[PDB]
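# Tertiary structure, described
Take a look at the letters that make up each chain.
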Amino acid sequence: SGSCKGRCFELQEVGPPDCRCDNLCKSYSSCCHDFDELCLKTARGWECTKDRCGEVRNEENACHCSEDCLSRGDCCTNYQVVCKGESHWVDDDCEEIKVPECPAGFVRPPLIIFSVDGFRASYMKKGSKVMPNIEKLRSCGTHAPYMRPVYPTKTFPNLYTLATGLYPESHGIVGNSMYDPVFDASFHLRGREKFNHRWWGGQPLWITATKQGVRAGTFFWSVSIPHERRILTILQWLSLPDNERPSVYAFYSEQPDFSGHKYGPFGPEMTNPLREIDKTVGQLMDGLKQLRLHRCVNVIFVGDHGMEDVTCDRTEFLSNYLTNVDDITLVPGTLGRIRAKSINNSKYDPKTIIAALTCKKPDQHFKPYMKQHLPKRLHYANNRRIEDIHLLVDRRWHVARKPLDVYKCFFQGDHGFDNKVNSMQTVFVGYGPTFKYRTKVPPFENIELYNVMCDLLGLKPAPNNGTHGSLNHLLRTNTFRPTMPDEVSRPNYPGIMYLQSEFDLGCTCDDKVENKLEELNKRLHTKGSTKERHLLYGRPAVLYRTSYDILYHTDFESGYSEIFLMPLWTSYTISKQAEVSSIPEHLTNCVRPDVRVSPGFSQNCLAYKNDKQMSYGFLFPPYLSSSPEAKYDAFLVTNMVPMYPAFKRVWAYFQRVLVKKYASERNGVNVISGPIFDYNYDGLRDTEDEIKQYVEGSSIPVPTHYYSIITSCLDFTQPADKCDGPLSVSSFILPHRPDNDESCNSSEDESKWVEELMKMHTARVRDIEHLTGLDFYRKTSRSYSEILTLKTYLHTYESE
Ligand SMILES: *[C@@H]1O[C@H](CO)[C@@H](O[C@@H]2O[C@H](CO)[C@@H](O[C@@H]3O[C@H](CO[C@H]4O[C@H](CO)[C@@H](O)[C@H](O[C@H]5O[C@H](CO)[C@@H](O)[C@H](O)[C@@H]5O[C@H]5O[C@H](CO)[C@@H](O)[C@H](O)[C@@H]5O)[C@@H]4O)[C@@H](O)[C@H](O)[C@@H]3O)[C@H](O)[C@H]2NC(C)=O)[C@H](O)[C@H]1NC(C)=O
Ligand SMILES: CNC(=O)C[C@@H](NC(=O)Cn1cnc2ccc(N3CCN(C(C)=O)CC3)cc2c1=O)c1ccc([N+](=O)[O-])cc1
Ligand SMILES: [Ca+2]
Ligand SMILES: [Ca+2]
Ligand SMILES: [Cl-]
Ligand SMILES: [K+]
Ligand code: NA
Ligand SMILES: [Zn+2]
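What counts and how
The residue numbers shown here are sequential, starting from 1 for each chain in the order of its written sequence. They can differ from the numbering used in the entry, and residues that have no coordinates are not displayed. Chain labels run from A onward and ligand labels from 1 onward, assigned in the order the entries are written. Calculation of side-chain values draws on the structure's entire complement of heavy atoms; hydrogens and water are dropped beforehand. Residues with missing side-chain atoms are left out of burial classes, side-chain pairs and their counts. For each residue, the test is whether any non-hydrogen atom lies within 4 Å of the molecule or strand; if one does, the residue is near. Polar contacts, as used here, are pairs of N or O atoms within 3.5 Å; protein pairs need one atom able to donate a hydrogen and one able to accept it. Residues neighboring in sequence count only if both atoms are side-chain atoms. Each helix corresponds to a stretch of at least 4 residues labelled H or I by DSSP, and each strand to a stretch of at least 2 residues labelled E; elements are numbered beginning at the N terminus. Just so you know the grouping, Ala, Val, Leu, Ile, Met, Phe, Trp, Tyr, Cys and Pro go in nonpolar, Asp, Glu, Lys and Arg go in charged, and all remaining residues, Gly too, go in polar. UniProt positions are given in the numbering used here, feature names are shortened, and annotations may be inferred rather than shown by experiment. The buried label goes to any residue with under 20% of its type's maximum accessible area, the exposed label to any with over 50%, and the partly exposed label to all in between, with areas taken from a 1.4 Å probe on protein chains only. Note on definitions: a residue-residue contact is assigned when non-hydrogen atoms from the two residues lie within 4.5 Å. Counted as donors are N, O and S atoms no farther than 2.8 Å from the metal, or 3.2 Å for Na, K and Ca; water is not among the atoms, and sites may therefore look incomplete. By the convention used here, strands pair only if DSSP detects at least 2 bridges between them. Comment: axis = line fitted to C-alpha atoms, over the contacting stretch for helices; angle = value between 0 and 180 degrees taken between N-to-C directions. Here the word oblique covers every angle except those under 35 degrees (roughly parallel), over 145 (roughly antiparallel) and from 65 to 115 (roughly perpendicular). Rotating anticlockwise by less than a right angle from the far helix to the near helix defines a left-handed crossing, while the corresponding clockwise rotation defines a right-handed one. By convention a nonpolar core is built from buried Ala, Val, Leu, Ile, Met, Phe, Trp, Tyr and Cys residues, the set being connected through side-chain atoms within 4.5 Å. In plain terms, two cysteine sulfur atoms within 2.5 Å form what is called a disulfide here. Each accessible area is a Shrake-Rupley estimate made with a 1.4 Å probe; only the visible protein chains count as cover when residues are assessed. Any site counts as irregular unless it has four donors with all angles between 85 and 135 degrees, making it tetrahedral, or four or six donors with opposite ones more than 155 degrees apart and the rest between 65 and 115, making it square planar or octahedral.

Per the deposited record, determination of this structure is attributed to X-ray crystallography, with the resolution reported as 1.9000 Å.

See the structure below:
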């Protein structure tokens, strides 16, 4: 029982049990008794009217229209408009902000993050007639057509990602609700457990800023502080003296999410919440202008996720699938997470639950996954709060445990689904001296903003999942100049060193069936004469310590690892006019030793013969060889990789059918393909002592995934091998699995399911980099910033 007089919304939290007056005291029930009275005034609303102009100051009012209000910094945001003949910010023409236009004493342009909830990307077009303030920021500043959220596309995972640059698996906020089995505790959007710091990892922007001497309070706000008071509080803090005034601010809205859940993303009821949000942006913008800061402050208008049509009747029930549904706990809704109801149960079987949920109903509106089998693009596995069993739920559907969980309809909207889904996409607009003027930028991921916000504030970012430099094109002036990571391992270039009779690999090939214009041509090819043709962007750099060989061939070049006994990468180009052939019958099972590489660093056919589960495929496909003579190169033991027969069905369709179709559609393609090892599902390259599976009785390690990166010219009138402008890329990371249980239609012809599987497993080049320790596109004519943007690109396969 102290007092909040003169202390209203103090930035520093005061020591217990002395009462608090900061923006969080209400959450902790620890405000002074007069907090409401002094700090949450509402009298007379939030607008000046003419009759108030030059009033005698009445300290009980929510805001002021008295002559002294500018000096005090507590005018209603519309004061100068209603009482001084001034115009609303939205009514001013927009004028380029070439330099920061800040009052004396401002050391840097302030950053204000304006965060909207459930603000679906398409609201920017569809709601344009009712959001004039937001439409002005959008067209005058720098904007993307949409921004991709993290998965799950829920509120808390995304807001903390925005603040950290980290995937939820890394920052720890992996859901709106979660259970930590080490804490034996549950975090919920509502309640006080979330106040415990033990849930929150990484280093949020306000901590980064503080550690480096830039003032910034926490971004959290007590729920019962309304939005008009939040704006007035930011505007007040902006009037503090230089030595006390923060440089970063965050405002968060409950809308349009609150209404969208009730009404659907496009319910007629949705127009008003969009109007109210625009009005709030108007208030902030008029207030900034009153403080002469509207050409000084950088403003970020950003959403956390979109919103989809979802109703009670579109719910799948696990009780329709599982006989023993009471033995599980489900995190339900737009995603599913399943764990044992009771830990003291060795009669709980994840494999049997998964099998009972797999392809059981023809139209089944969810798919089960062990978390490590989820598409790697989701980066959703490496945290103990993520249950081993995950259900990816179709857009527009829910999953629930039992029917009484849903009837004990409330809602018409929800969000949470896979982050590639169009309806889950959200918004980004940057406006201010440091952002560009009237500029559209390509869609990008919210994990990249932490770095940009650090650049906006002169800060060195904490280590995070953004790729710093990838968003330099948003900025008029950047403090960050990216440079390529240095190569750690230089390759060996072996010559012909071994005779055939030194190998005992138990391999066979029909190849003895045997000119100097042609023979000199074949040795030129083994020495890299065609390398300009098949390695278009230089060779990848190896960023870790290892031993490997560059191997040249007429059709493909490779980086062959002597430690993993297989290529780390295989690079080749297939022109639009290139032709597909078959494997001649006499070479069906041909494998040939490579006289450049020792028996001791080679795979062997015997292991594959003995391993009754594991077969093999090739990284450069025999099917695409340029000539009957070159085809022999494709059967080298150095081009071979371990592959489950079930996976060979996928890979063979990709190599025999899809590669050629891409070359026809894209006017040639360059392909880089290779294995990935990620047994501990942390998204990062495994070292050799982390490998859990080998081909039986050998040291040949088994990949968890195979990747390919597929590059051509953005201008497809030019061929892939003669491109002088920007590049186009799509990539995938395919799980290397011994069954096709993921694909419910896999009994059918590959043309009915393979491409669908690959699209699900689409990836950024940067994801493959993390997973292999390789750095691509080292030698192009493109700027490094442009290449970094290319490496973060995801081909989504969604409609427009
Ligand atoms: C996305 O970007 C992040 C950030 O760069 C990368 O994460 C880093 O990975 C490296 C290599 O695996 C880790 O290094 C290890 O660090 C530990 C000591 O770790 C402690 O100290 C660090 C640094 O101050 C701290 O950040 C760590 O925080 C983890 O654990 C906390 C509590 O246990 C938790 O609150 C927090 O969320 C975080 O959890 C996550 O990471 C851990 C692994 O560290 C993991 O078990 C957990 O499930 C979560 O995923 C920690 O207290 C050394 O002893 C090791 O030898 C090793 O050097 C970094 O710790 C790690 N940092 C963070 C913030 O996660 C990702 O790899 C990158 N992803 C991709 C795909 O590139
Ligand atoms: C309209 N929407 C909003 O206002 C969104 C806003 N919601 C809240 O702040 C709701 N709330 C209310 N009182 C709290 C009191 C204490 C805490 N702990 C958390 C852990 N601590 C740390 C880590 O410092 C100490 C403080 C949290 C809260 C809290 O979440 C929000 C902003 C940023 C982020 N974000 O994730 O960045 C998430 C959530
Ligand atoms: Ca939200
Ligand atoms: Ca790993
Ligand atoms: Cl959740
Ligand atoms: K076999
Ligand atoms: Na199947
Ligand atoms: Zn919501």
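Time to look at the site of ligand 1. Taken together, 14 residues sit near ligand 1, with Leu 166, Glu 169, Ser 170, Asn 382 and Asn 465 positioned nearest. Within the backbone of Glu 169, a nitrogen or oxygen atom sits 2.7 Å from an oxygen atom of ligand 1. Between ligand 1 and the protein, one listed contact pairs an oxygen atom with a backbone N or O atom of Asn 382 at 2.8 Å. Looking at the shell around ligand 1 element by element, the count peaks at 3 residues for helix α7 (residues 168–171). Classifying every residue of the shell around ligand 1 gives 3 nonpolar, 9 polar and 2 charged.

For the rest of this paragraph, the subject is the UniProt feature "binding site: Ca(2+)" in the protein chain. Within the UniProt annotation, "binding site: Ca(2+)" is assigned to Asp 678, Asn 680, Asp 682, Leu 684 and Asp 686. Among the residues examined, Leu 684 registers a relative accessible area of 44% and is labelled partly exposed. What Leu 684 contacts, discounting residues up to four positions off in sequence, is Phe 677, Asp 678, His 770 and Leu 771. The residue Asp 686 is located in the loop between β25 (669–676) and β26 (705–713) in this model. Among the residues examined, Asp 686 registers a relative accessible area of 1% and is labelled buried. Once you skip the residues sitting within four places of it in the chain, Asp 686 turns out to touch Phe 564, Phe 677, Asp 678, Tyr 679, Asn 680 and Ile 691.

Along the chain, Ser 708 turns up in strand β26. Owing to a relative accessible area of 0%, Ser 708 belongs among the buried residues under this scheme. In terms of polar contacts, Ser 708 uses its side chain to reach the side chain of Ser 673, at 2.5 Å. Beyond its immediate chain neighbours, meaning those up to four positions away, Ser 708 contacts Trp 651, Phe 654, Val 671, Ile 672, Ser 673, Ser 730, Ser 731, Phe 732 and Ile 768.

Here the focus is the coordination of the calcium ion (ligand 4). Bound to the calcium ion (ligand 4) are the protein donor atoms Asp 678 (OD), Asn 680 (OD1), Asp 682 (OD), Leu 684 (O) and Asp 686 (OD), situated 2.2 to 2.4 Å from the metal. Sequence spacing of the donor residues for the calcium ion (ligand 4), all on one chain, is D-x1-N-x1-D-x1-L-x1-D.

Bringing the sheet that holds strand β16 (residues 428–431) into the picture now. The strand order across the open sheet formed by 6 strands is β6-β1-β7-β16-β2-β17, and the pairing between neighbours is mixed. Looking at which strands have only one partner, the edges of the open sheet turn out to be β6 (248–256) and β17 (439–440). Sheet analysis places strand β1 (residues 111–117) next to strand β7 (residues 298–303), joined by 6 bridges and oriented parallel. Looking across to β7, one finds that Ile 112 is bridged to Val 299. Contacts from helix α11 (residues 271–290) reach β1, β6, β7 and β16, with the element oriented near 170 degrees to β1.

Turning to the packing of helix α9 (residues 227–237) against α11, a few remarks are in order. At a minimum axis separation of 10 Å, α9 and α11 run at an interaxial angle of 20 degrees. For the element pair α9 / α11, the angle class is roughly parallel. Note on packing geometry: the crossing formed by α9 with α11 is right-handed. Residues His 227, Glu 228, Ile 231 and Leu 235 of α9 pack against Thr 280, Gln 283, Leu 284, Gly 287 and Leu 288 of α11. The class makeup of the residues in the contact of α9 with α11 is 4 nonpolar, 4 polar and 1 charged.

Of all hydrophobic cores here, the largest spans 99 residues; its most connected members are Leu 205, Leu 288 and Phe 301. Not counting chain neighbours up to four residues away, the residues in contact with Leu 205 comprise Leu 111, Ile 113, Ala 163, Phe 219, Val 248, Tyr 450, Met 453, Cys 454, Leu 457 and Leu 459. Judged by nonpolar contacts, the second largest core, of 59 residues, contains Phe 647, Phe 677, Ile 691 and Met 758.

Summed over the entire model, instances satisfying the criterion amount to 15 disulfides. The disulfide bridge from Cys 4 ends at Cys 21, spanning 2.0 Å between sulfur atoms. Across the disulfide from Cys 4 to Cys 21, rotation about the S-S bond amounts to roughly -100 degrees, and the bridge is consequently left-handed. Here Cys 21 lies in the segment before α1 (35–39) and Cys 4 lies in the segment before α1, a separation of 17 residues in the sequence.

What follows is about helix α20 (residues 784–792). Each turn of an α-helix holds 3.6 residues, which means side chains three or four residues apart point in the same direction. Listed as buried for α20 are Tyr 784, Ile 787, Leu 788, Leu 790, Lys 791 and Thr 792. Of the surrounding elements, those touching the buried residues of α20 are β27 (727–735), α19 (765–772) and β29 (774–775).

Time to look at the site of ligand 2. In the region of ligand 2, 18 residues are neighbours, and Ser 27, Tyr 28, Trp 200, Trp 221 and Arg 230 sit closest. Residue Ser 27 places a side-chain N or O atom 2.8 Å away from a nitrogen atom belonging to ligand 2. Within the contact set of ligand 2, an oxygen atom lies 2.9 Å away from a side-chain nitrogen or oxygen of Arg 230. For ligand 2, the accessible surface in isolation is 790 Å², of which the surrounding protein chains cover 89%. Sorting the residues of the shell around ligand 2 by element identifies α6 (155–164) and β6 as the ones contributing at least two each. Here the shell around ligand 2 takes 4 residues from α6, the largest share from any one element. Here the shell around ligand 2 is built from residues that sort into 12 nonpolar, 3 polar and 3 charged.

Attention now goes to the coordination of the zinc ion (ligand 8). Protein coordination at the zinc ion (ligand 8) comes from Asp 257 (OD), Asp 257 (OD), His 261 (NE2) and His 415 (NE2), with a distance range of 2.0 to 2.3 Å. Taken together, the 4 donor atoms surrounding the zinc ion (ligand 8) define angles of 57 to 143 degrees at the centre, an arrangement classified as irregular. Judged by its relative accessible area of 2%, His 415 is buried.

What follows concerns the side chain of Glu 798. By secondary structure assignment, the location of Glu 798 is in the segment after α20. When its relative accessible area of 17% is taken as the criterion, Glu 798 is described as buried. Within polar-contact distance, the side chain of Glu 798 engages the backbone nitrogen of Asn 422 at 2.9 Å. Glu 798 has contacts with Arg 395, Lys 420, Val 421 and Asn 422, leaving out every residue within four places of it along the chain.

On to the pairing of strand β4 (residues 177–180), then. Two faces belong to every sheet, and in a regular strand the side chains alternate between them. As paired strands, β4 and strand β5 (residues 185–188) are joined by 4 bridges and run antiparallel to one another. Across the sheet, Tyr 179 pairs through a bridge with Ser 186, a residue of β5. Between β4 and β5, which follow one another and run antiparallel, lie 4 residues, and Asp 184 among them has a positive phi close to 50 degrees.

Quick look at unusual backbone geometry now. With an omega dihedral of -10 degrees, the bond running from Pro 16 to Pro 17 counts as a cis peptide bond. By secondary structure assignment, the location of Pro 17 is in the segment before α1. Omega for the peptide link from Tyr 151 to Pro 152 comes to 0 degrees, which places this bond in the cis form. Within the secondary structure, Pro 152 is located in the loop between β3 (147–148) and α6. For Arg 44, which is not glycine, the phi torsion reads 80 degrees and is therefore positive. Positionally, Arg 44 belongs in the loop between α1 and α2 (69–72).

Relative to the helices and strands, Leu 322 is located in the loop between β9 (315–317) and β10 (328–331). Residue classification places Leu 322 among the buried positions, given a relative accessible area of 5%. Those residues within four positions of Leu 322 in sequence are excluded, and the remaining contacts are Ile 328, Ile 353, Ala 356 and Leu 357.

With that settled, the discussion passes to the sheet that holds β10. Read from one edge of the open sheet, 4 strands run β10-β11-β13-β12, paired in antiparallel fashion. At either margin of the open sheet sits one strand with a lone partner, and together these are β10 and β12 (366–370). On average, each strand axis in the sheet is inclined to that of its neighbour by 25 degrees, with strand direction left out of account. Note: strand β11 (residues 335–340) against strand β13 (residues 389–393), 4 bridges, orientation antiparallel. The residue bridging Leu 335 from the neighbouring strand is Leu 392, located in β13.

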